[PDB]
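Beneath this line is the structure, given in structure tokens, with notes to follow.
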Amino acid sequence: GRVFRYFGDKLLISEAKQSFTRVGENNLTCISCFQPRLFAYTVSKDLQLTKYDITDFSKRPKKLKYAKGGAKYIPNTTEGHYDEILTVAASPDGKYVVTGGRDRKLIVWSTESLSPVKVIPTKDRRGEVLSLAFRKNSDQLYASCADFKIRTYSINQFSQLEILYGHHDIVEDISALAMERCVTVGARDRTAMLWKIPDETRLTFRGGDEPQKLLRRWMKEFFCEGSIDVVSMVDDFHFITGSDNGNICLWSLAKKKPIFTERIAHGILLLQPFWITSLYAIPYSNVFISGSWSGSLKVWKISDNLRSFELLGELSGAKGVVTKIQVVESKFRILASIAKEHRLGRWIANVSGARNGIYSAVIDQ
């Protein structure tokens, strides 16, 4: 279960085909893609869940069906959303799509009819759902929540399996592959945590390095980190994080500190760095994609020795706040949800080219 996909150098990024599709909704917060006919699912603060056919890389995402929630659904076990949907994940088997958000509910819908087949409450008055991730090739779902807990589920049992404890702030983002494990990030706790579910153990990785101290040890020959916001797993032994100081860090499970750091990865604009608001490592490959609100999607390549990563290129048609990135293949198709606002309501001054919809990029070789 390690990195074996080396197509980073092959990618024809400079000649990528770019498109954008407007939606009549406000503020996409997440996008989830299904891969065996390929599908995408989008959720919005406007309480809309939408399904797209994305199998034809020649044409933009084709809208198939939608379901909108609303005030009607105030109780929390009703089969509809009544507060901001923050996250969406498509089940690996093609049968289910599950949503969650500020109304402290998981709602699992059938992909067939886009109808709610099960509603599973978190049962906590602070348990907002912030992020979802299925174990790959499984029905095991992991939901990171705002009450500092990660909840696990068996989706074809429609039940809650257990609860994981460790974080000391909201668990903003969570990533999982094929193993029965997951990575989470705790925002202001400035930790990433690796949960080995069957071993009942957990690794803890710490950021939040004092700049004066960093400068002090750099003189042996920058920007304050206040939150680690995003995370993505590249293989069963490595992962990447993104912070609100622009840092993209590569971590190995064996090391306490990051094995590599690219500081202010999306630049600045006395000095303020662009946050990393999106991060997706395509599983077991040497490429990952990063997003902010700086107007482009940065594609990076990891070294074959896994000790560094480097800038492959930029996808510059991606104006707006990138809230989520997914990658599908047949040819790579990058899909990214673009909003005028940050998923969680963090305040963003002047977003250039603010807009609502889905960015698509098709890359060859």
Side-chain angles (χ1 to χ4, degrees), residues 23 25 28-55 61-124 127-146 149-163 174 176 178 180 182 197 324 326 328 335 337:
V23 301
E25 326 154 39
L28 275 23
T29 56
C30 190
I31 183 165
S32 182
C33 289
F34 171 76
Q35 176 148 229
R37 196 141 164 254
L38 312 156
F39 300 113
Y41 303 96
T42 63
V43 287
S44 79
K45 303 185 177 178
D46 273 26
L47 274 30
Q48 179 158 323
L49 167 67
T50 309
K51 167 176 189 161
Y52 294 87
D53 192 317
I54 65 175
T55 201
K62 184 164 292 89
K63 164 138 74 154
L64 304 179
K65 226 172 191 297
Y66 74 94
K68 192 156 175 162
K72 312 294 177 233
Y73 292 118
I74 290 142
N76 62 340
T77 210
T78 64
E79 298 188 324
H81 284 302
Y82 58 88
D83 203 354
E84 312 198 328
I85 316 164
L86 299 182
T87 181
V88 60
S91 72
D93 40 292
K95 163 63 156 300
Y96 299 118
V97 60
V98 39
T99 60
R102 311 200 112 101
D103 52 29
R104 312 169 317 281
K105 277 154 44 170
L106 278 202
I107 295 184
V108 28
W109 317 66
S110 183
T111 59
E112 271 183 338
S113 58
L114 223 54
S115 58
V117 78
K118 186 59 181 176
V119 25
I120 310 168
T122 58
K123 298 167 270 180
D124 193 278
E128 305 174 301
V129 187
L130 268 38
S131 197
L132 297 166
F134 276 96
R135 180 182 170 199
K136 267 63 187 187
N137 292 87
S138 163
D139 81 307
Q140 298 177 296
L141 179 74
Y142 310 138
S144 64
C145 303
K149 331 272 212 293
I150 286 94
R151 295 170 169 90
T152 75
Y153 301 89
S154 199
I155 290 300
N156 60 49
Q157 281 191 327
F158 309 101
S159 76
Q160 184 168 319
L161 291 173
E162 71 171 306
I163 309 196
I174 185 170
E180 200 178 345
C182 58
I197 321 289
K324 191 66 170 176
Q326 295 282 270
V328 138
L335 290 195
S337 52

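Only heavy atoms go into these numbers, but all of them, side chains included; no hydrogens, no water, no symmetry mates. FYI, the numbering just counts along the sequence from 1.
Between the NE2 atom of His81 and the NZ atom of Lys45 there is a distance of 15.5 Å, given to the nearest 0.5 Å. Taken to the nearest 0.5 Å, the CH2 atom of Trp109 stands 5.5 Å off from the OG1 atom of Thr99. Atom OH of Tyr82 is separated from atom CZ of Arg104 by 4.0 Å, given to the nearest 0.5 angstrom. Between the OG1 atom in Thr42 and the NZ atom in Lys63 there is a gap of 8.5 Å [rounded to 0.5 Å]. Residue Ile120 holds its CD1 atom at 8.0 Å from CD of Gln160, rounded to the nearest 0.5 Å. Between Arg102 atom CZ and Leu86 atom CG the span is 5.0 Å, to the nearest 0.5 Å.
Judged purely by atom type and a 3.5 angstrom limit, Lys136 uses its side chain to pair as donor or acceptor with the backbone of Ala176. Between the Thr152 side chain and the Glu162 main chain, a donor and an acceptor come within less than 3.5 Å of each other. With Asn76 contributing its side chain and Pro121 its backbone, the two residues share no donor-acceptor pair below 3.5 Å. Counting only distance, with no hydrogens or angles, the side chain of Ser44 and the backbone of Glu25 share no donor-acceptor pair below 3.5 Å. With hydrogens and angles disregarded, no donor-acceptor distance shorter than 3.5 Å links the side chain of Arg151 to the backbone of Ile163. At least one donor-acceptor pair closer than 3.5 Å links the side chain of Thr29 to the backbone N or O of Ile85. Checked by atom type and distance alone, the side chain of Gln326 pairs as donor or acceptor with a backbone atom of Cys33 at under 3.5 Å. Checked by atom type and distance alone, the side chain of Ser110 never pairs as donor or acceptor with a backbone atom of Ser115 at under 3.5 Å. At least one donor-acceptor pair closer than 3.5 Å links the side chain of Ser337 to the backbone N or O of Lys324. Using modelled atom types, no side-chain atom of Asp83 and backbone atom of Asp103 make a donor-acceptor pair closer than 3.5 Å.
For the pair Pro92 and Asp139, the minimum side-chain heavy-atom distance is 4.5 Å or more. In this structure, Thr50 and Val23 have side chains that are not in contact, with every pair of non-hydrogen atoms separated by 4.5 Å or more. Between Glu79 and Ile107 there is no side-chain heavy-atom pair separated by less than 4.5 Å. Residues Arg135 and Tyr142 have side chains in contact (heavy-atom distance under 4.5 Å, counting atoms from C-beta outward). Residues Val328 and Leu335 fail the side-chain proximity criterion, which asks for heavy atoms closer than 4.5 Å.
Partners of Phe39 according to the side chain to side chain contact (heavy atoms under 4.5 Å, CB included) rule, which considers only residues two or more places apart in sequence or in another chain, are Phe34, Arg37, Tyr41, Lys51, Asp53, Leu64.
In this structure, a donor-acceptor pair under 3.5 Å is present between the side chains of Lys105 and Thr78.
Contact between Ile54 and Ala40 at its shortest, heavy atoms only, is CG2-CB, 3.8 Å. The two atoms that bring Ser32 and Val88 nearest to each other are CB-O, 3.3 Å, heavy atoms only. Nearest heavy-atom pair across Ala143 and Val129 is CB-CG1, 4.3 Å. Of all non-hydrogen atoms in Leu106 and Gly100, the two that sit nearest each other are CD2-CA, 4.2 Å.
In this structure, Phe158 places its CZ atom where more than 12 heavy-atom neighbours from other residues, nucleotides or ligands lie under 6.0 Å away.
Of the residues listed (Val119, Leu141, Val117), the one engaging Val108 in a side chain to side chain contact (heavy atoms under 4.5 Å, CB included) is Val117, and it is the only one.
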